[PDB]
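Student: Have a look at the structure that comes next, please.
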Amino acid sequence: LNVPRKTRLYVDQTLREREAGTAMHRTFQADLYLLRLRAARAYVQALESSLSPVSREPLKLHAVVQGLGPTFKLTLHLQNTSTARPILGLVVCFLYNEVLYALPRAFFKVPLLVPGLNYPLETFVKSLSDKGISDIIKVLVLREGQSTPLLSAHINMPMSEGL
Amino acid sequence: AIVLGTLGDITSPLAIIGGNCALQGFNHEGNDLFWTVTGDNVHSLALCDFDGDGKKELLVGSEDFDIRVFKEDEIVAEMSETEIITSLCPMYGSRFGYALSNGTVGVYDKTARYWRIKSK
Amino acid sequence: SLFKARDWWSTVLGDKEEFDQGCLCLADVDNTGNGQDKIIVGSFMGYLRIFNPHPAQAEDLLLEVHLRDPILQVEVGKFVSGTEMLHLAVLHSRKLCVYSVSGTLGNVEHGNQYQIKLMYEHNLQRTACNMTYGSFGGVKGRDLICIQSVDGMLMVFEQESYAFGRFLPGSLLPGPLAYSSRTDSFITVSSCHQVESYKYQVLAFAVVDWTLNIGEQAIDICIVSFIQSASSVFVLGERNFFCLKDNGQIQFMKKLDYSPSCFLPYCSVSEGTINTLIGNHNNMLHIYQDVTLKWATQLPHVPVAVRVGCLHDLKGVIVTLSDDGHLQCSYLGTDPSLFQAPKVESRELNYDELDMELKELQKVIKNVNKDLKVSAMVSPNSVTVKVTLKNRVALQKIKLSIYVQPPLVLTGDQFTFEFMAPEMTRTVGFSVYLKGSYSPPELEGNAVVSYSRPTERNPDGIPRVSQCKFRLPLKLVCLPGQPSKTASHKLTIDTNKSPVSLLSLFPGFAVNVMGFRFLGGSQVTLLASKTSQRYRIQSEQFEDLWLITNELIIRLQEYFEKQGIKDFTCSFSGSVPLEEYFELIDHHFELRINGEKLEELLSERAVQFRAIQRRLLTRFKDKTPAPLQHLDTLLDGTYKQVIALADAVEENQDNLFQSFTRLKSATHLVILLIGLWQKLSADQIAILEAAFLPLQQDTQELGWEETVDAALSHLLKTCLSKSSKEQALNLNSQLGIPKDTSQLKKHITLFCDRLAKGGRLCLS
Amino acid sequence: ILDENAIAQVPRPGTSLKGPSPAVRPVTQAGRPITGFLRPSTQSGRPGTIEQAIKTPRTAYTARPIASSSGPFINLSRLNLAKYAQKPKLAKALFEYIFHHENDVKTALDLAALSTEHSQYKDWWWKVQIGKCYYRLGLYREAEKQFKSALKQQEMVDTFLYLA
Amino acid sequence: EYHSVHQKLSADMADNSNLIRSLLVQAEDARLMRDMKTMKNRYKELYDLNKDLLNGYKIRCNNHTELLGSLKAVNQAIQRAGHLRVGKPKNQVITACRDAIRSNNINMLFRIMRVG
């Protein structure tokens with residue numbers, strides 16, 4: 001068989017574990033407690049800013065960028081993830097730096113999202129800076145009666161390769 | 001026009017070549033070991049032991065309608081054919097078969113033609 | 001501790017002073033004769049300091065004298081004409097000074113003083129750069145000094161006075177100078193990458209003994225000679241590390257991957273080899289056995305001019321001196337230390353506060369799993385709209401945009417506001433006007449603000465979005481025109497009231513039979529009733545009916561509201577059109593199919609162009625001349641084809657956009673007539689508006705046909721069907737461009753049918 | 001894609017550039033398991049068509065996002081390279097400036113050619129620099145010639161890696 | 001000078017060929033997103049670059065054929081010098097002239113062609 005082989009490192013490590021197992025157990029439990037703390041912290045901060053592209057109220061969105069050159073094709077793949085329930089009133093709003101990117105329609109309604117179909121909703125981003133400047137673009141999907149985004153996404157726009 | 005063989009008093013199979021008016025030679029690494037100048041554009045080369053001494057001289061067919069035989073450094077003889085040579089082939093001792101652009105296919109001993117036939 | 005340079009007597013050496021190479025010297029300037037060396041450091045700030053370190057402490061610093069002019073390349077050698085005792089040389093930019101550190105003792109550790117006497121000096125005409133010292137020629141017991149210049153010249157002093165001076169042939173930036181004794185040669189590295197050795201007696205007679213073109217210019221050159229078996233010359237470039245023979249060729253070389261700053265081939269171990277140690281600009285020392293790394297250490301500072309010496313009974317201590325002012329004697333750290341978590345029984349995890357915070361965060365998590373006012377006002381008159389927004393809390397990064405429709409054009413789109421104090425109003429004003437021929441699908445427009453709330457959790461502010469929609473008037477797109485008696489098609493709206501004068505419903509257009517002409521030529525006729533109670537809308541274009549029908553119903557509602565009466569209908573009992581509506585769909589889909597064909601043809605044309613272009617590039621890269629074989633002609637033909645196809649695709653895109661707008665108007669009218677033809681409430685009308693009006697622009701991945709077809713198939717699947725066989729056979733939904741529009745039309749007719757029998761829409 | 005230089009089109013498996021299974025080691029392409037020590041020379045597979053290369057993530061075939069093509073101290077159009085070529089002490093630093101700071105391969109090659117003809121083709125450094133100019137102009141064989149001729153002058157690790 | 005001109009022309013044509021490959025990629029990109037203004041601009045730039053590169057090809061080929069003529073003249077001159085002498089002096093003169101031209105010692109070339 002291909003049963004592996006363990007060197008002196010393994011027996012020294014097992015001897016350390018056999019002689020100092022209690023301290024390892026205690027410190028790993030402390031580290032796990034601190035990790036749960038920090039993960040809950042970051043999860044709550046993300047819920048606050050609503051920066052999760054995956055978040056009752058079922059949705060899933062991710063934005064793909066395609067193309068070099070001053071004009072990029074930005075396609076938002078959006079999807080309703082539910083057994084059988086459509087989502088009527090939703091709308092997408094883009095947040096960009098109006099001095100670097102020229103978005104024609106930075107806000108538009110989305111079609112009735114049928115559960116199970118990936119809707120590609122695309123736009124044409126265009127770099128305006130004569131010098132190569134890469135700035136982030138935010139996308140917020142939100143109801144039409146609410147003001148807090150249902151979910152969000154980020155895209156680091158690549159360099160322009162302009163003229 | 002290029003060939004590949006052993007010249008006279010050279011212990012490495014050379015890749016002889018023929019260009020505007022100058023031949024060359026390269027070993028397995030590409031070092032110039034043989035170089036000489038001829039009359040006009042070389043059109044055909046072959047390796048035949050004219051002279052029976054065990055080291056093959058090379059036969060050059062110039063665009064000047066001539067067929068010269070070159071040793072490692074020295075020229076031995078030249079027979080004046082009647083058109084731009086196009087192909088030489090040795091398989092005998094000192095006999096080589098030649099072609100022209102007239103259509104003439106023939107055979108040479110040392111310095112004379114056994115036969116010759118001209119066609120379309 | 002492994003691979004660190006563990007600390008010995010260490011210090012900082014001034015107030016933002018600056019040193020260089022040659023500064024750090026290490027020998028017996030005290031001439032004790034015991035072997036223990038003494039550190040000597042002189043900056044070009046002026047201070048010359050000498051230390052006798054002991055393993056911080058006060059009495060370590062022997063002396064800290066200050067000379068006026070800067071100090072370059074302190075050295076220690078037999079620089080006096082008479083005796084064989086070491087003297088200390090100080091080279092100022094335009095000065096040479098030999099000293100003598102004489103230390104007299106008192107009856108206490110700190111009662112001993114040290115006197116430096118200026119044995120002699122030398123005024124330097126040229127500006128000195130660096131120097132070397134050695135027994136030039138074959139002299140013994142003397143240490144002559146060859147100083148360089150910043151402009152190339154090298155001047156030699158025979159330990160007493162100005163012996164001579166010769167210019168270096170062809171140098172601009174002076175490099176490192178050294179003197180080899182096994183060959184009696186001055187070796188330098190000129191600006192032109194040439195390591196050059198000159199025989200001494202050759203320069204004395206003024207040429208090059210030999211040269212070697214290394215790949216770069218060298219930072220240092222250190223000829224080491226404690227081995228009399230095989231002599232060598234070390235040259236440290238700024239990218240490589242050479243060890244050269246004595247004839248002039250590389251004995252070996254290392255291609256360093258870091259940036260060296262200093263090196264010192266110290267005492268060797270094996271037979272023939274030479275240990276050396278080099279200092280990165282990455283704060284490390286490397287210890288090679290001439291090519292091969294034997295050890296490496298992580299220094300504290302960027303080493304400049306390292307040395308190795310016996311300091312207080314410990315041989316081979318490494319003394320480093322940074323250029324900022326640090327200095328440190330050190331010994332290698334050879335203690336592999338267990339990687340293990342520290343046992344700190346005292347330090348415990350505070351479970352109380354941590355559990356409080358975790359309970360708070362987990363409460364937020366398990367809870368979530370179960371500020372600005374905008375207003376728009378349109379002027380009564382290219383109508384000028386004014387949007388006022390007012391905040392309650394202080395807001396930041398406000399962006400206001402306006403979206404009306406494709407045909408309508410705005411004179412201003414985006415407006416950016418920065419931070420605003422609470423209870424502050426902001427007004428913007430733009431103008432909207434029709435630009436084109438076809439009338440927009442609807443006159444309503446939207447205006448959206450995206451702002452941010454700065455919060456403690458995220459100061460950058462959580463982003464929020466709020467919108468308001470304004471309603472534009474007919475006076476922007478229409479005009480009163482002549483009416484016609486008959487048109488291609490017409491529809492009716494039968495209210496349960498009296499026929500109202502069209503002058504009262506539409507006062508802007510000055511009988512009970514009105515005619516309208518939109519900017520674009522198209523005309524609509526509105527006929528009130530005389531005997532019946534129904535209004536008739538007629539035109540040739542099904543699109544044209546929508547705007548006038550919507551406005552008629554809205555004005556009827558408003559008027560009959562002003563009269564205070566509460567019961568009012570717009571029944572339209574009859575036949576939903578469904579046939580002049582399908583022709584627009586078919587026109588749209590024919591344009592879509594034509595576009596796909598044009599694009600798949602453009603693909604082939606582009607492939608041809610690329611192939612011919614690659615052929616031409618191959619002909620270009622080739623040396624030999626050759627006929628183009630009319631490849632350029634094929635390229636020109638293909639280019640013409642590509643341009644023609646590109647123009648065709650552009651025109652098809654424009655036609656498709658016009659058809660999409662007209663189809664949007666038609667489907668608006670059809671949803672209106674379905675919501676009237678049956679008593680549809682606002683919920684089902686919203687469902688229909690969501691299903692039939694999905695997008696305002698076709699794209700090469702999602703179009704109107706597939707989207708409305710999926711929506712209608714689903715609406716019939718979950719609400720209006722009870723047989724599973726049809727649900728799985730006909731009522732399926734996909735998002736790919738169809739090959740025919742028959743399924744969409746079948747589903748629309750079936751929707752109207754199953755609504756007629758008494759069906760009703762839902763979501764779940 | 002648009003540049004073909006390999007002689008053999010379908011060479012034997014094992015002689016061309018163009019372990020643990022994907023059940024253990026994460027992968028980046030169909031094969032090519034993830035590596036340690038990303039270097040800016042990593043290709044890690046190659047796309048088949050321009051469309052596939054465009055419609056994929058920009059950093060899926062290189063350590064950096066792909067590109068279509070791979071006051072001022074001194075104005076390059078003002079100096080006569082035929083006069084700085086006579087002075088090698090100036091010419092070497094000037095060429096390094098033009099090549100590594102300004103990235104002007106054509107003027108750099110002009111200067112390097114004039115310099116090499118001034119040195120009668122006897123210094124390996126100018127040969128290596130001309131070879132580098134060629135190599136980033138696209139001409140590989142014309143660069144291999146200079147690198148070979150520089151190896152003949154004086155063996156250096158630099159020229160060996162350049163030929164590699 | 002023929003050598004130098006050919007070198008400069010090959011450099012320039014390599015530059016323009018790299019430009020053309022970049023423009024091919026950019027045009028394919030603009031066409032994949034049906035952006036026809038930028039695609040047509042890439043195609044215009046490609047047309048112009050092809051015109052310039054064809055001019056460059058014509059001039060290079062012309063200089064290159066002249067260079068071949070010059071090389072044949074040199075080689076035929078060495079051969080004409082050698083052919084004037086019978087026997088062992090022939091290859092002596094041939095190799096001497098070849099070494100006198102590989103070192104660009106033209107005066108020695110003519111010296112060995114005159115008497116040597």
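As shown in the structure tokens, the chain order sets the letters A, B, ...; within each chain, residues go from 1, and ligands are also counted from 1 in the order they appear.
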Any idea what's packed within 12 Å of residue 52 in chain B, counting only C-alpha atoms, ignoring anything in its chain fewer than 2 positions away? Could you give it as a count of residues only?
Tutor: 14
Student: Write down, as a PyMOL selection string, each residue of chain C that has any atom within 9 Å of an atom of chain A, counting only C-alpha atoms.
Tutor: chain C and resi 340-343+348-349+354-355+357-358+361-362+364-365+368-370+399+401+403+414+416+448+450+457-458+461-467+686-687+690-696+699+701-702+707-708+710-711+714+718+733-735+763-764
Student: Which residue, D:52, D:107, D:154, D:69, has the smallest gap to residue 23 in chain E when you use only C-alpha atoms?
Tutor: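 Of the candidates, the smallest distance to residue 23 in chain E is held by D:69.
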Student: Once you count only C-alpha atoms, which residues of chain C turn out to be within 7 Å of chain D? Could you give them as a list in words?
Tutor: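 Every residue of chain C that passes the 7 Å test is in residues 191, 192, 215 and 255 of chain C.
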Student: Find the residues of chain B in contact range of chain E, meaning any atom within 10 Å when counting only C-alpha atoms, and list them as JSON, numbers by chain.
Tutor: {"B": [19, 20, 21, 22, 23, 34, 35, 36, 37, 38, 39, 40, 41, 72, 73, 74, 75, 76]}
Student: Those selected residues, please, written with N, CA, C and O atoms and delivered as a compact mmCIF listing (two decimals), in the first residue's frame.
Tutor:
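Contents of again30.txt, freshly written:
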```txt
# COMPACT_ATOMS: atom_id res chain seq x y z
N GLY B 19 25.41 29.23 -51.27
CA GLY B 19 24.61 30.43 -51.36
C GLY B 19 24.85 31.23 -52.62
O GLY B 19 24.77 30.69 -53.73
N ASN B 20 25.13 32.53 -52.47
CA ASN B 20 25.37 33.38 -53.63
C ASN B 20 26.59 32.92 -54.40
O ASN B 20 26.50 32.52 -55.57
N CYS B 21 27.76 32.97 -53.77
CA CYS B 21 28.98 32.48 -54.41
C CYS B 21 29.90 31.77 -53.43
O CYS B 21 31.04 31.46 -53.80
N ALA B 22 29.46 31.50 -52.20
CA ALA B 22 30.34 30.99 -51.17
C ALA B 22 29.69 29.80 -50.47
O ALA B 22 28.51 29.85 -50.11
N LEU B 23 30.47 28.74 -50.29
CA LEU B 23 30.05 27.57 -49.54
C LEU B 23 30.47 27.71 -48.09
O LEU B 23 31.29 28.56 -47.73
N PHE B 34 34.49 24.93 -42.72
CA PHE B 34 34.81 24.87 -44.14
C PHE B 34 34.15 26.06 -44.82
O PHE B 34 32.98 26.35 -44.56
N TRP B 35 34.90 26.75 -45.68
CA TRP B 35 34.38 27.92 -46.36
C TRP B 35 35.23 28.21 -47.58
O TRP B 35 36.45 28.34 -47.46
N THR B 36 34.59 28.29 -48.74
CA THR B 36 35.28 28.61 -49.98
C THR B 36 34.31 29.29 -50.93
O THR B 36 33.09 29.18 -50.78
N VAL B 37 34.86 30.00 -51.91
CA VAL B 37 34.09 30.80 -52.84
C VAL B 37 34.09 30.12 -54.20
O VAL B 37 35.08 29.49 -54.59
N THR B 38 32.97 30.23 -54.91
CA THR B 38 32.80 29.61 -56.22
C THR B 38 32.38 30.67 -57.23
O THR B 38 32.18 31.84 -56.90
N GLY B 39 32.23 30.24 -58.48
CA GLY B 39 31.97 31.15 -59.59
C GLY B 39 30.65 31.89 -59.49
O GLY B 39 30.64 33.12 -59.38
N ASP B 40 29.54 31.17 -59.53
CA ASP B 40 28.22 31.78 -59.50
C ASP B 40 27.31 31.07 -58.51
O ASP B 40 27.79 30.28 -57.69
N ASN B 41 26.01 31.35 -58.57
CA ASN B 41 25.07 30.74 -57.64
C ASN B 41 25.15 29.22 -57.68
O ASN B 41 24.97 28.60 -58.73
N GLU B 72 38.91 19.53 -49.37
CA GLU B 72 38.74 20.29 -48.14
C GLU B 72 39.12 21.75 -48.35
O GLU B 72 38.44 22.66 -47.86
N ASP B 73 40.21 21.99 -49.04
CA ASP B 73 40.64 23.36 -49.35
C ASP B 73 40.93 23.57 -50.82
O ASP B 73 40.64 24.65 -51.35
N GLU B 74 41.49 22.58 -51.50
CA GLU B 74 41.95 22.74 -52.87
C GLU B 74 40.85 22.42 -53.87
O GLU B 74 39.94 21.63 -53.60
N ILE B 75 40.93 23.05 -55.04
CA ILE B 75 40.10 22.72 -56.18
C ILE B 75 40.85 21.69 -57.02
O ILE B 75 42.06 21.79 -57.22
N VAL B 76 40.12 20.69 -57.52
CA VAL B 76 40.76 19.60 -58.25
C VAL B 76 40.55 19.78 -59.75
O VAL B 76 41.52 19.91 -60.51
```
Student: Using DSSP on the backbone, list every residue of range 20-134 of chain A that comes out as helix (DSSP H, G or I), and give them as number ranges by chain.
Tutor: A: 21-49
Student: Report, in Å to a single decimal, how far apart CA of residue 183 in chain C and CA of residue 209 in chain C are.
Tutor: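 Computed distance, CA of residue 209 in chain C to CA of residue 183 in chain C, equals 10.4 Å.
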Student: Within 9 Å of range 575-579 of chain C, counting only C-alpha atoms, which residues qualify if same-chain residues fewer than 5 places away don't, as JSON, numbers by chain?
Tutor: {"C": [491, 670, 673, 674, 677, 745, 748, 749, 752]}
